[PDB]
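One chain comes next, on its own, written out as structure tokens in the form deposited in one PDB entry.
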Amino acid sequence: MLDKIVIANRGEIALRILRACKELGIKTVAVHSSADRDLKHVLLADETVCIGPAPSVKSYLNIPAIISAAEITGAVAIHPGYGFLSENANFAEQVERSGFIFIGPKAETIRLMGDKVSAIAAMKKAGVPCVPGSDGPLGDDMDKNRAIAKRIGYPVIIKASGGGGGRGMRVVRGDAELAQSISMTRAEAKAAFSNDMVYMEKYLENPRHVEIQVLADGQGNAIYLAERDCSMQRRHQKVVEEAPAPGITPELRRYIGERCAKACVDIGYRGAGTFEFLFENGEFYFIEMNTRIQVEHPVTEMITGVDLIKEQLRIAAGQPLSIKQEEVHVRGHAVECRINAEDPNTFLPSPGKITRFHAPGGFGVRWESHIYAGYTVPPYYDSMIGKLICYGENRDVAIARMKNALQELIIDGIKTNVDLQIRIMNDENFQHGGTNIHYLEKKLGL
């Protein structure tokens, strides 16, 4: 087991990582900005290092400062959490070059999945179903681009190969708009990644966002831990996630899961990872892979019993997977509601001091948050201040528990999205299940 690690993150995920470290007897180093001195995990950590001022560029994205903190404390590994530098291949490379373990895959693997075109090519080769597409970057030959579009069939979508999460894409519905659409996507990509590479996919009109959790030890062992539906979202931000995905049969799960696991072996994947799919008309289509642990990991933990963070730490210590595929069993159902400090009318972050706090408790209730009474939510970071996760023996039980936990939750002094979460739990279409990626924005437009 790793002697000591730097937790290269903040907020709820840093606390989540700290708890796993403590379970495993791993010493903790909490690196933090000057605005984050009173973070719960910082107060709980074995050692603390202030790595810079409030803005993320000079703290949580400050590669030399994070590496120096590992150096000064004699840490053996760095956990990047999610966001920040977790998908930064240069950071992973610098971490290993400086002589520390990066808790994540090889830098080459991060780089491979970071490039959307190369990622899809690798996944297609491995037998993972992808969206019908260009299978390569689009060039300047518009005859060739029209032929790709015809072969695929309109509508199509132009996507940037550098891009993440849905940044800068456009739907094309005929030849008439194709040339300009390619042109425009190229330009926005140049500003975002200094990379004008674009590709084409068949545009799916009303898909669900379904992602497969994997773990791989780098020793040839790779398992899939069912799936999560993340379709409930607003402006590229997930709002509610759940596991398993409604309507997914054991057979479909096994079909897609085995293909993801085999792909992990093909690419020499190491650690936790997520294969993101679009799901429409009973069919899976790979869009991208996340090579980090994700915000929504807890729903997968509830339905499988596998502690994904502890697995990351075990794998980073060079241990083989703690379980075989045949030992992974989907049981019950879990729903996560993200709790955001945000104004309900503007959807802008709403920072400030929490004056009264009470966490929900009870059977099947899991509360993931650094917040406490008297804690000030700083203006400098993301709006998500906690995650409420409810498990039950079935989806209806999980939802009923979530409704009650949400009503029990008290966060006074700041504005939150609790009332919206309650609305969603009471939504008849959500109660039925299987709503698509466009649903919440359509609902909120009414």
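In case it trips you up, residue 1 is the first one in the sequence shown, and so on.
A second form of this protein, the form deposited in another entry, is not displayed here; the remarks below concern that form.
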Are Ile411 and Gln237 assigned to a single rigid part between the shown form and the other one? yes
In the other entry, the Cα separation between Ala147 and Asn281 changes by 3 Å or more relative to the shown form; did it shrink or grow? closer
Explain in one word, closer or farther, how the Cα atoms of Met289 and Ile148 are placed in the other entry relative to this form, where the distance changes by 3 Å or more. farther
